[PDB]
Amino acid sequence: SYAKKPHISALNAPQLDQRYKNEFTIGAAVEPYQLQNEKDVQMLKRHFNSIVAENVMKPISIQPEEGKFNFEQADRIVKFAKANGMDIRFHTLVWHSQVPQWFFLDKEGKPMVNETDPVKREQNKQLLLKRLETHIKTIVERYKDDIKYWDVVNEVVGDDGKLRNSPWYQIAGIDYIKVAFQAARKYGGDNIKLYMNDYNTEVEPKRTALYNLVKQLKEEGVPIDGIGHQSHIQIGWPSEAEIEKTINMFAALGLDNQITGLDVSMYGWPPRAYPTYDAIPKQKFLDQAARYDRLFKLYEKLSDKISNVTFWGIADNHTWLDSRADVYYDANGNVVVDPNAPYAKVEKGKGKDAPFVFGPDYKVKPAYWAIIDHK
């Protein structure tokens, strides 16, 4: 939007959540250590009214061995949110990544996916489903009074438009999704809100597969209240038109929509990253600000169908996108960022992305001014 507008400390900037408070909550994803850092604490207090765990509420973080529950890290995020009046999202009860392998071992300690006996396969399904229910039961019995929004399952639809063929699906079929939602409703009650969370929700054939799956589950009475759109997006993709079509399509089913992991990468896919923040040209930040301007104008247009927009981080000094920021080098050792250009080697995850409206020094970016205004 504007470059006249100064690069001031975000701790002196108009509050993001208050700008959007009648449209949707504004959330940030966090690690417990950020709650012991003065600037991160002040950022959350000043700008955000919703919170989610980057990592410490994922399955392997909560029950790394059967019967060993580590709630200590998740508790710290819950305590902070309650003390500051923030909504909490739980990420996530079921996922094919960051998930302990003991879930999928049969009683003899062998991988359940290798079982060929159909009678044993059925016993493995029921055992996996029992373990799934106990994991969800224990978590929801602890947090049902504190955590309003739940990513019950994450990424269960494949990018090929089929259900994702994870061990969950190989072993139990579609019932693991039904069991997860039924268990969360049973032990959590009517007041927690249950979401199916995924990325590339705008992209066919994934989008229609997600649509059909949710429609079918709600016809069968499986409790599902909304869709989580991870929204790990780029400056130019996906188009605002396709985002709008997606949000409307699920709203038509009676589903809430939440933007659960928003970041606007500086790069394409696979990314060709700059090696450092300082090397990103100023024009990239202007392009990103214009993208954020259109994006939040669209969220506001659709505000009656969106209850929350959560960024997957606080400020540019910390983003999981850095793990994807591969730096490409030509034969002379110069950085290559042109997506089709010659190159000799790549340094995977060594570069720097810049996906938020707050810079790594906790000063506001052009993208912040683009979404704090009313134009």
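All residue numbers refer to positions in the sequence shown, first residue = 1.
A.B. asks: Per the record, averaged over C-alpha atoms, which has the higher B-factor: 327-335 or 313-321?
C.D. replies: Mean C-alpha B-factor is greater for 327-335.
A.B. asks: Comparing 51-59 with 35-43, where is the mean C-alpha B-factor higher?
C.D. replies: It is 35-43 that shows the higher mean C-alpha B-factor.
A.B. asks: Among the choices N154, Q216, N257, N84, identify the one whose CA B-factor in the record is greatest.
C.D. replies: Highest CA B-factor of the listed options: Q216.
A.B. asks: Highest Cα B-factor in the deposition, which of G188, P275, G228, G109?
C.D. replies: Result of the comparison over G188, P275, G228, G109: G109.
A.B. asks: Can you tell me which third, lowest, middle or highest, the CA B-factor of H91 falls into for its chain?
C.D. replies: For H91, the deposited C-alpha B-factor lands in the middle third.
A.B. asks: Would the CA B-factor of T246 place it in the lowest, middle or highest third of its chain?
C.D. replies: Middle third, going by the recorded CA B-factors of the chain.
A.B. asks: Can you tell me whether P342 has a C-alpha B-factor in the lowest, middle or highest third compared with the other modelled residues of the same chain?
C.D. replies: For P342, the deposited C-alpha B-factor lands in the highest third.
A.B. asks: Place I8 in the lowest, middle or highest third of its chain's C-alpha B-factors, as listed in the PDB entry.
C.D. replies: Tercile = middle for this residue's CA B-factor.
A.B. asks: Would you mind ranking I224 by its C-alpha B-factor against the rest of the chain and naming the third, lowest, middle or highest?
C.D. replies: For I224, whose C-alpha B-factor we compare with every modelled residue in the chain, the answer is the highest third.
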